[PDB]
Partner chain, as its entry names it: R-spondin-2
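Just one chain is shown here, as structure tokens, and it is the form deposited without its partner chain.
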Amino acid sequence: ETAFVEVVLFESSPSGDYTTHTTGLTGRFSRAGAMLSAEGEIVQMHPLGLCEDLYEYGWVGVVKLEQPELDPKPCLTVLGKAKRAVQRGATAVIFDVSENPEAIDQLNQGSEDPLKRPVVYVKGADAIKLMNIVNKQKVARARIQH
């Protein structure tokens, strides 16, 4: 099932009223994860960063995968990476699998013991759109639907 992702940028005024800019994206839910919506602030984690460096409960991990031959022995599989994130309070995880499309099977290999939070992958222009904000922008919220 397809996942609609929204990345929201926001400025307060001095008065306290907020002003937001939404960008829409389409990815897919992994069967490694629940098929629920989730929303929460974005944390960019390196894949080397998933093996008390704590973050507030309910963040949305955005993770750009590496060429797979640039990682002979991963500390964890991409499955275990998402599972780690969750243990550390990730409300959801989003992988950019543009460099590592084998990863989709690896995720969907874990459908026997799925996580109660959503694991979403994105490729192509929808990943491009995502990472371009996550990199440039200060600080963002993500909403994942349906």
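Positions refer to the first chain, counted from 1. The term rigid core refers to the most C-alpha atoms you can superpose between the two forms while keeping them within 1.5 Å.
Chemist: Out of 124-132 and 16-24, which shows the greater rigid core-aligned C-alpha deviation in 7 other deposited structures of this protein?
Modeler: Larger mean C-alpha displacement, comparing 124-132 and 16-24 in 7 other deposited structures of this protein, is found in 16-24.
Chemist: Rigid core superposition, C-alpha RMS per stretch in 7 other deposited structures of this protein: which comes out larger, 111-119 or 90-98?
Modeler: After the core superposition, the stretch with higher RMS deviation in 7 other deposited structures of this protein is 111-119.
Chemist: Indicate whether the chain is continuous between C51 and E52 or, if not, how many deposited residues are absent from the coordinates: none, 1 to 3, 4 to 9, or 10 or more.
Modeler: Unresolved stretch here: 4 to 9 residues.
Chemist: Using only C-alpha atoms and the B-factors in the entry, which stretch averages higher, 85-93 or 62-70?
Modeler: Averaging CA B-factors over each stretch, the winner is 62-70.
Chemist: Between 137-145 and 2-10, which has the larger average Cα B-factor in the PDB entry?
Modeler: The deposited B-factors put 137-145 ahead on the C-alpha mean.
Chemist: Which one of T26, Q44, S37, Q109 shows the top CA temperature factor in the record?
Modeler: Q109 has the highest C-alpha B-factor of those listed.
The same protein has a further form, the form deposited with its partner chain bound, not shown here; the description that follows concerns it.
Chemist: Under a 4.5 Å heavy atom criterion, is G80 part of the interface with its partner chain in the deposited complex?
Modeler: Looking in the deposited complex, residue contacts with its partner chain do not include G80, since no heavy atom lies within 4.5 Å.
Chemist: In the deposited complex, does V5 come within 4.5 Å of its partner chain, counting heavy atoms only?
Modeler: No - in the deposited complex, heavy atoms of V5 and its partner chain never come within 4.5 Å of each other.
Chemist: Residue-level contact is defined here as any heavy atom of the residue lying within 4.5 Å of its partner chain in the deposited complex; does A103 satisfy this criterion?
Modeler: Flag for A103 set to no.
Chemist: Applying a 4.5 Å heavy atom distance criterion, does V43 contact its partner chain in the deposited complex?
Modeler: Answer yes; at least one heavy atom of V43 falls within 4.5 Å of its partner chain in the deposited complex.
Chemist: Check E66, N132 and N135: does every one of them have a heavy atom within 4.5 Å of its partner chain in the deposited complex?
Modeler: Contact check passed for all of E66, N132 and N135.
Chemist: Which residues from 52-80 come close to its partner chain in the deposited complex, meaning a heavy atom within 4.5 Å?
Modeler: In sequence order, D53, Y55, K64, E66, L70, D71 come within 4.5 Å of the partner.
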